[PDB]
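Peer 1: only geometry, no sequence info:
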């Protein structure tokens, strides 16, 4: 999803924290494969 | 003792944000080199003190727990004593004790609730303002409880593995089997009382349907 | 960074995306002003009109060159962590020899 | 003249913790409305609610004049 | 250790924090000399180290780190475009602001008077009040002063927007 | 749900350092040989924190209901309503917060913010399902 | 130092941070062979030092150039933002009021700071500075490469006026759209004294 | 607006200040805040319900007519802090 | 008696200091209660005061009237000033108007 740069809106970002607001999703982390992927993900998220 | 020479102690001047250079999240946590350190230490003195009878970071663990815990002569009830006291009363003692210590140390729970910062100003001040405290607090909690249940796995081994000197080993093994069922409970509710206030959880009143 | 990129090629326009006015006067605050005067640079429309001097300290925490969260994690973490470790190693060898 | 100045600053300080702090003025305005709308050929009656004949030309220009300045 | 001999002479009320002791002395001369010599341990407690500078100067240097600088840097820090639980130091332990920012501190309440006068759409007098605040602020420009000017220019925006809607 | 809180969207202070115990006792690693109910990271990050994210989103949409079919300010238009620029402010704020890169970035946190969009189209669909319909 | 793709650059990120990762290795080197143990590897510090140093200063320069060509693109969709002037007329009569177009003022900064950083690579080799002296880098060293720095900076300012050439002429048709295209001549008119 | 805001305190506090000498400086803290002759009448302040005829405003003024009373008395104890400065005058004499 | 002298000026000085402190707080509450028919700096300066007296500035258990006053003043000053301002301009709602004709 495109943030992209703003500034919009209110406190000139007003959110701007933003560790996926809470994650890294820090899997173990220990998993550097990265798959060369993909679309990003149509996945029915495009249908969403 | 040798478990996370502290981050966020202190500040590599100047280099202040990202959260610092220490964390976040360059304090990996990978699987942690920190956990290669600590889980090298307890595997070192555990299977190498066991392998020995089959400051070295941290020699006080196997040292004090060895020459203390082997110099008992009627140990087998006392293992259940330190178990059944320490589970409830220690876990709630520490997990209460740190939040008390901050809860009057520099409190000022001012920024009382959110200061109505809508809504979804969800821990907004980090950004290093007033969640520089609670990261050090809940970090110190999960660190201390980590070295704790480490050490309870280290007495649940240390003499129970293997009968030094009691082949009735399942006491402290129970004090892992329900030792860890103790502490993983005591953190889990400390999950659910991380409610969005810096909830500070120090009342204890339990009122029925009549006031 | 970036898989399924902006493509191509993913510049932030960071000398605007930060430095429209930014660390452009905070990283440039040990940088600006050094005789960098105003001459009625009260920005007379709306917003960027503080501009007196030394300090009236804003004085930005300066997220990065702005949109670099992870790229300031890269330059910071990589370069500063590795060179920090080598500072420690050369300290220990300096004692050793 | 200052016919909402008190309502202005009232709504400011009360709107530090809006908005039941100024919600009862709906009730007071509805009440004293329902007095000032009343009556003269009774005229709080506009809520699906003789006195008809208590109205003539001076009562007319009276009535729609006073209601007109009410709307003003 | 409370002095509760009123309910029972030869009895003590030592309610240390999250505790309570009814450590009853048998005679009352030991109770009276006990709370009396604990009142002489309030000539040691309440006189030696109650505070006497301790909470005083601890409140001085500890209060002296107030909002964000004590401790300047800085490389994770700023307080530009916010109030962020604004430490009203004038109403705090300074009460004694410099007459520039003291007399403009009441003109900071005059800035709030401008918020009343804007809040009743009476722009004119609030505008000219703001002109006076620009005058005294302008001329007599020691650190919070800048943040006061931030609030001023914030409200200059509020005026310009508000008139430009109202016209 | 009555939002006392489960925890919040404030695990970003907590849930970093309290994954070290999920990786130094690596939950659950040591834990010597028994049946010990290991993970526990997730199990609440599976169950609790995800549903708390979902309902936390829902109450966050209930901080933008505002009871107006419609009213707004709108430099170009009417734009009907404060509802609209509300859901813009919400989805802009959270869609800066909850995910920026990485697209999952999510188990279904993507599908969570998608569900906030779906609720927004349900409500502003319902205005047209009320005023017109 | 980049580190990643975009912004060590435009995004003053190696412009700030690169002095740090530069300077610690400089002190580590200068100490690390300032212990003169023993010889013929102090040469190797004299190679590696100026190698990483001059390669780094070239890197900040390259970032600054290919950066700064993208500067006025997607920047000045603004109004007469910064200030003013005081340029007297032919009759020396107060005729400025020449203002403003803040893309003047930003590029007035992002080279002056780069002048400060390259000042902290040319003049880097003063402050180390101890005995033997194993002075592994000369405080005012590379007169050849100093002339090359003059060349690259001249190419940088030439890239600035090229950037206003492309951004003015076609990117795309609005300084705003004649709508003060006089804005663009106002900016250039300030650039003649900036 | 005198020591008539602390009249018996010229004995009930000041004798406990003169030869007391303060006994035991928690009473000078708390019982001089329970304030012999001043705030020993600390009862029924009370911003009086019921409805505003009786009274809700005079007892609200008398909710803090210790700001009148115990603070022209505490101010009179600040005027007795000038007597304590007079006790610091003679305590600067014999010292 | 030189230590009764130094002790007398010592505890006299400290009690003078705490007396000055509580004098400041009750002085501020007098500055709050003095403001009638203003209703604007009421919540501002009063809520600034309650942020110190019951709160961290005077958070000893020192007095009774300080504790009961600064603990009480939420509902008294907030509810009384609040509904005071609410029935304010209901006066003006009666005063607006009788000049209809």
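Peer 2: Right, received. Where do you want to start? Residues are numbered from 1 along each chain as shown, chains lettered A, B, ... in the order given.

Peer 1: When you work out contacts or count neighbours from here on, use the C-alpha atoms and nothing else.
Peer 2: Fine.

Peer 1: so who does the spatially most central residue of chain G touch?
Peer 2: Nearest residue to the geometric centre of chain G (CA atoms, centre = their mean): residue G:114, 2.9 Å. Going by CA atoms under 8 Å, 6 or more residues apart in numbering or on different chains, residue G:114 touches G:15, G:61, G:64.

Peer 1: What about chain F: which of these touch it?
Peer 2: Contacts with chain F within the contacts of residue G:114, counted by CA under 8 Å from any CA of the partner chain: none were found.

Peer 1: Columns neighbour count on top of those, output as CSV?
Peer 2: CSV is the format used below for the contacts of residue G:114 (neighbours: other CA atoms under 10 Å in any protein chain shown):
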residue, neighbour count
G:15, 25
G:61, 23
G:64, 24
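
Peer 1: Out of those residues, which comes closest to chain I?
Peer 2: Distance to chain I, by CA to the nearest CA, is smallest for residue G:15 among the contacts of residue G:114, at 44.9 Å.

Peer 1: Give the next helix or strand downstream of whatever helix or strand that closest one lives in.
Peer 2: In this assignment (DSSP states H and E), residue G:15 forms part of helix G:13-32. As assigned by DSSP H and E, the chain's next helix or strand after helix G:13-32 is helix G:42-68.

Peer 1: Just give the closest residue to residue F:69, not the sequence neighbours.
Peer 2: Nearest non-adjacent residue to residue F:69, counting by CA to CA, 6 or more residues apart in numbering or on different chains: residue F:127, 6.9 Å away.

Peer 1: all strands for chain C, in order.
Peer 2: Assigned by DSSP state E, the strands in chain C number zero.

Peer 1: Single out the residue in it that lies closest to chain H.
Peer 2: For chain C, CA to the nearest CA, closest residue to chain H: residue C:56, 40.3 Å.

Peer 1: ok, back up a step: do the helix holding residue G:15 and chain C meet?
Peer 2: Yes. Residues of helix G:13-32 contacting chain C under CA under 8 Å from any CA: G:13, G:14, G:16, G:17, G:20, G:21, G:24, G:25, G:28, G:32.

Peer 1: Check the residues you listed and tell me the two furthest apart.
Peer 2: G:13 and G:32 (27.7 Å; CA to CA).

Peer 1: Could you check which of those two has the larger neighbour count?
Peer 2: More neighbours surround residue G:13 than the other of residue G:13 and residue G:32, with 27 against 20 (other CA atoms under 10 Å in any protein chain shown).

Peer 1: And for the more buried one, nearest residue in space, chain neighbours not counted?
Peer 2: residue C:65 (5.4 Å).

Peer 1: Any idea how many residues pack against the one you found?
Peer 2: With other CA under 10 Å as criterion, residue C:65 counts 31.

Peer 1: ok, it - contacts?
Peer 2: Taking CA under 8 Å, 6+ apart, one finds C:14-15, C:17-19, C:23, C:72, G:7-8, G:10-13 in contact with residue C:65.

Peer 1: and if we set it to 10 Å?
Peer 2: By CA atoms under 10 Å, 6 or more residues apart in numbering or on different chains, the contact set of residue C:65 is C:12, C:14-19, C:22-24, C:27, C:71-72, G:6-16.

Peer 1: Distance to residue C:49 added to the contacts of residue G:114, as CSV?
Peer 2: Output for the contacts of residue G:114, formatted as CSV (distance: CA to CA, whole Å):
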residue, distance to residue C:49
G:15, 26
G:61, 31
G:64, 27
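
Peer 1: now, which of these sits nearest chain F?
Peer 2: Closest to chain F, out of all of those and judged by CA to the nearest CA, is residue G:15, at 25.2 Å.

Peer 1: In three-state terms, label residue 47 for me.
Peer 2: Let's take chain A. Judged by DSSP: H, G, I helix; E, B strand; the rest coil, the three-state class of residue A:47 is coil.

Peer 1: my guess is the residue nearest to residue F:69 contacts residue F:133, does it?
Peer 2: Yes. Applying CA atoms under 10 Å as the test, residue F:127 and residue F:133 come out as touching, 8.5 Å apart.

Peer 1: Up against chain A, what does chain C have?
Peer 2: C:3, C:4, C:5, C:12, C:13, C:14, C:17, C:18, C:63, C:66, C:67, C:69 (CA under 10 Å from any CA of the partner chain).
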